[PDB]
Amino acid sequence: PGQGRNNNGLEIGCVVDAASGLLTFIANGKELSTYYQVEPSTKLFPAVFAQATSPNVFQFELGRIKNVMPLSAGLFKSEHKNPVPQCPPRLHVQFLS
Amino acid sequence: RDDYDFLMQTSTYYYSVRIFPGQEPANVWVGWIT
Amino acid sequence: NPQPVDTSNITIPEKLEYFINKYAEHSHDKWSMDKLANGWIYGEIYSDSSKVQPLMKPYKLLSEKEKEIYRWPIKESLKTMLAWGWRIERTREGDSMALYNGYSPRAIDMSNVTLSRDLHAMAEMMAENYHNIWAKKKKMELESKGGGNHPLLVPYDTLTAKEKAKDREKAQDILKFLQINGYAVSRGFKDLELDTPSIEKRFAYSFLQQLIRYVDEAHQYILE
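Residue numbers (PDB author numbering), protein chains in the order written: chain H, 1496 to 1592; chain F, 1414 to 1447; chain G, 2702 to 2802, 2820 to 2942.
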């Protein structure tokens, strides 16, 4: 759309269908055209590549949208049926070194 | 209101990334890696 | 002796009129921020004791003379930047932006927007120029009153960070909004040719040539 990020930071939403392997992305509440289909048993790590043009770069948000499970519910086995989003201490940001 | 039964039978998971205003979006990539 | 580069002769291009309007809107918007934060309220009657002011109508609803106070400093800033020759270019992104193109105002946060090294140098130069403008007005007032040397009349270089704060923030935020709008601003002058292989322009060559001339002159003086 343009000019929709200066007012409020842009939000890409990543949804993964573990039952079908369909990777689709939504940005600013509208689905993007690009989609990825992965093969079964694929282990996918959330990842962000960024070159910093600011003191603050980005922010991992672990919320949920309508009709979708939070990320912790898929990451952890004990939280498989817990709609409340969670960020347990095991989860942490890693970087290539 | 989200359907509680759909949330229990579903396998779709979500996370989002906020690029703070002032950071160039062309320099930021979001998605999944193996 | 303060001399800003005179901008009366130079005129703004018509293509930058979109930016002029948009930054006038953004300045009105930050003014709405401070107005609402202080607690003034919208009302057709303008009272200072009642703490009410009608200028919470949007920028389009503002009067033409009301818009003057905003785009005026904008006009001087741009004519100052252009009188220095700094070529301002206009990217495809803003072209998409122009093609794209109960009062709840909301500004654009410039906290994370950042400039480059060279852009910082340019912002510092335009900032000191604005400060010399203020210096000329203060000095005309000063020997209009005869005396009263103002403490901040010292050069911009002599100024301190706290004194430089508001000048610097203005001179930077204008460039920040220019960048986020997408205008391409760079240096005005361009190199014509550097005669790098020229041995002459090496300092040693000129030094030794001058030494040769001096030694030969001294030789003639001792011969006579």
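Cβ atoms here follow ideal geometry from the backbone N, Cα and C, with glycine treated the same way.
- The Cβ-Cβ distance between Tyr2747 (chain G) and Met2757 (chain G) does not fall below 8 Å.
- Around the C-beta of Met2858 (chain G), fewer than 16 other C-beta atoms lie within 10 Å, and the residue is accordingly described as exposed.
- Residue state for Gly1444 (chain F) is assigned as strand, using DSSP reduced to three classes.
- Contacts between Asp1418 (chain F) and chain H, judged by CB atoms closer than 9 Å, are missing: the closest CB pair is about 11 Å apart.
- Using beta-carbon distances, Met2798 (chain G) counts as an interface residue toward chain H, with a partner under 8 Å.
- In this structure, DSSP gives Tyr2724 (chain G) a helical state, which the three-state scheme calls helix.
- Ranked by Cα distance from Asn1562 (chain H), the first of H:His1587, H:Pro1578, H:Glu1556, H:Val1552 is H:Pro1578.
- As DSSP reads the structure, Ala2902 (chain G) sits in a beta bridge with G:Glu2790.
- Excluding the 5 residues flanking it on each side, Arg2772 (chain G) has same chain C-beta neighbours closer than 6 Å at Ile2721, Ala2725, in chain order.
- Interface criterion not met: the Cβ of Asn1523 (chain H) is under 8 Å from no Cβ in chain G.
- Closer than 8 Å to the CB of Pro1438 (chain F) there is not a single CB belonging to chain G.
- The alpha-carbon of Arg1414 (chain F) is positioned some 11 Å away from that of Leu1420 (chain F).
- Residue pairing of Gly1508 (chain H) in beta bridges, as defined by DSSP: H:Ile1521, F:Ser1429.
- In the three-state reduction of the DSSP assignment, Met2828 (chain G) falls in the coil class, being assigned neither a helical nor a strand state.
- At a cut-off of 8 Å between C-beta atoms, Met2782 (chain G) does not count as an interface residue with respect to chain F.
- By the C-beta criterion, the segment 1421-1440 of chain F is judged not to be in contact with the segment 2760-2777 of chain G, since fewer than 3 inter-stretch pairs fall below 8 Å.
- For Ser2748 (chain G), DSSP records a beta bridge to G:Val2753.
- The C-beta distance from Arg2788 (chain G) to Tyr2901 (chain G) rounds to 11 Å, too long to meet the 8 Å contact threshold.
- Under a criterion of Cβ atoms nearer than 7 Å, the residues of chain F adjacent to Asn2830 (chain G) are, in order, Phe1433, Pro1434, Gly1435, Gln1436.
- In this structure, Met2840 (chain G) keeps its C-beta atom at 8 Å or more from the C-beta atom of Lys2894 (chain G).
- Residue H:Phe1555 holds the alpha-carbon nearest to the alpha-carbon of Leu1586 (chain H) among H:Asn1502, H:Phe1520, H:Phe1555.
- Within a 10 Å sphere around the beta-carbon of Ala2936 (chain G) sit fewer than 16 other beta-carbons, which makes this residue exposed.
- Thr1529 (chain H) sits in a strand when the DSSP states are folded into three classes.
- The CB of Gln1498 (chain H) comes closer than 8 Å to the CB of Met2798, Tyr2801 in chain G, given here in chain order.
- Counting of Cβ neighbours within 10 angstroms places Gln2890 (chain G) among the buried residues, the total reaching 16 or more.
- Of all alpha-carbon atoms in G:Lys2888, G:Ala2845, G:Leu2833, G:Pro2823, the one lying nearest the alpha-carbon of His2729 (chain G) is that of G:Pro2823.
- Annotation: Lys1572 (chain H) has no Cβ neighbours in chain F at a cutoff of 8 Å; minimum Cβ distance is about 13 Å.
- Under the three-state reduction of DSSP, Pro2774 (chain G) is assigned to helix.
- With respect to chain G, the C-beta atom of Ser1549 (chain H) has a partner C-beta closer than 8 Å.
- Under the three-state reduction of DSSP output, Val1543 (chain H) falls in the strand class.
- Burial is judged here by how many other beta carbons sit within 10 angstroms of a residue's own beta carbon; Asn2702 (chain G) has fewer than 16 and is exposed.
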